[PDB]
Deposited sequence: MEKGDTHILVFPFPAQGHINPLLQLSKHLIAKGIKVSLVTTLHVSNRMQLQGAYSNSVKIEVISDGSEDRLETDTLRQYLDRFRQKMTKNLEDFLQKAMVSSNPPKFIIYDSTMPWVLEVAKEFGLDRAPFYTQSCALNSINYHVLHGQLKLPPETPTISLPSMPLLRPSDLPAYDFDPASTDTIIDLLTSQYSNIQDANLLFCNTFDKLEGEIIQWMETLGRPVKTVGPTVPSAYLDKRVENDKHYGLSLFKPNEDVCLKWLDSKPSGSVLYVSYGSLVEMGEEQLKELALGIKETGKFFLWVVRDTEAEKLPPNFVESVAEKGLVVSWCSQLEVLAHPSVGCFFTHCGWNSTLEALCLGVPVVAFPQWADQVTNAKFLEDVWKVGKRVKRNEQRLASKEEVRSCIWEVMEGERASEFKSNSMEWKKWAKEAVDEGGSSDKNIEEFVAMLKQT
């Protein structure tokens, strides 16, 4: 029984992609062990309860956790030191067992795992969870072809669309961690000559040309995305579904604006007021999922003022909401997972990027894939309520509303084609599985 290890970075949007890939591998006959921390096995729904499930291997004691007194640098430095020893101890017992693992797939953001794999003679591959366009940007920042602030107002990178400085990732959003994040992201290409191959969370039709560029770095590159669950009885003591779905069920098809800037962005009340008022001014039905600490910054009386039009809740499953036919538009922060979800479910977007790679994903969503528009922001970075209202109207009601929806249904078709049997991504996964059986 061939078995491999998958080692994701324990953080927002890094685990689900590797878990999804693990599920595809198990469906093709490969047993998968997920190497993770005590907190992820504990404080998350990683149950691995069925006999065909991913096996969870906890290798940490929780002493690698981020302290309140820690900077990002101290946290990543301690994590690397402790998890390196933890992985060395784990492989020691596993590389001399009856059935040793034949491969380790690890998050690309932990390039130190390759050195551990190399030391034990274990085949390995980093997994790039972000867009391939970001791989190009980070590589060119690493090699001096692009600079923190760009010298030239137009940036032309190999096999990439032209970008202005307002389309490049904003790592300055959290000033204390700016240099740390840039060093982290640029250090993902330093030891790729020893990688068996590179895995990318994308699909050929989406970034094919950029992937061709990536292959020129010397190693095989395998697109295996998008990592969205393929899914997208009768109880007398329970209701059929969730409250969100029920509320959406009573709306006309394609009429509601699903709003979510994700679970990590901390927006300012000033900008939060204008955004809420912007959504209010449109007079459209909208389902806004926002966490408790962000919801307290909402303007006083806002939810009562949009009583008939708005449903503001603390949680709903994003996938089931985006797959609902009553939803016609997605006001999103343009995180890579959200970006791929929008494309996979054929839903046009109002791009409101906040930080990091979100601005680059927004650029591709608006100017390259053409499935929506970016909210115009001012010099201060504040998006006014008319810009917000205008943008929502333009994508849902304006001249290009039919265009955007047509582009979205096309990207939705190619995305399903990619992960469907014989698709570009499925083919890459089958070839990898075939090599592991050799």
remark   = Compared with the full deposited sequence, the modelled chain skips 1-4, 237-247, 454
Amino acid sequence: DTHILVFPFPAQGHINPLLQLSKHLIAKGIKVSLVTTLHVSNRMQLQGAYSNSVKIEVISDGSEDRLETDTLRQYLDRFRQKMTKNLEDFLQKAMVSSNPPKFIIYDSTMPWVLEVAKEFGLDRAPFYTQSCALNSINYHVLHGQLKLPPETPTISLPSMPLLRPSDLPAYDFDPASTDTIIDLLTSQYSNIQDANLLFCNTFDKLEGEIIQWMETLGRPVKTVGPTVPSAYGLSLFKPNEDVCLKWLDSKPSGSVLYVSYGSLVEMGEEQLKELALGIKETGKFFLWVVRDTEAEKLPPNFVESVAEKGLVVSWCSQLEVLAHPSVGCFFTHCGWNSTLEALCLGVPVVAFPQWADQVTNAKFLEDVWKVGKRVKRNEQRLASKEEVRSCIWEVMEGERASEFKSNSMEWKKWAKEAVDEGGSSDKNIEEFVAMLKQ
From here on, numbers count along this sequence of modelled residues.
task = Higher average CA B factor in the deposited record is what I'm after, so tell me if that's 386-394 or 408-416.
result = 386-394
note = Entry B factor averaged over C-alpha atoms, 246-254 against 341-349: higher for 246-254
task = Check the PDB entry and point out which of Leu184, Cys200, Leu142, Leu148 has the largest C-alpha temperature factor.
result = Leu148
key: Which of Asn240, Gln212, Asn196, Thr109 ranks first by CA B-factor in the deposited coordinates   = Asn240
request  = Using the B-factor values recorded in the entry, state whether the Cα atom of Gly283 falls in the lowest, middle or highest third among the modelled residues of its chain.
outcome  = highest
remark   = Here the Cα B-factor of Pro220, set against its chain, lands in the third termed middle
query = With respect to C-alpha B-factor, does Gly48 fall in the lowest, middle or highest third of the chain as deposited?
reply = highest
message = Is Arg164 in the lowest, middle or highest third of its chain when residues are ranked by C-alpha B-factor?
response = middle
Third of the chain's Cα B-factor distribution that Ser33 belongs to, per the entry = lowest
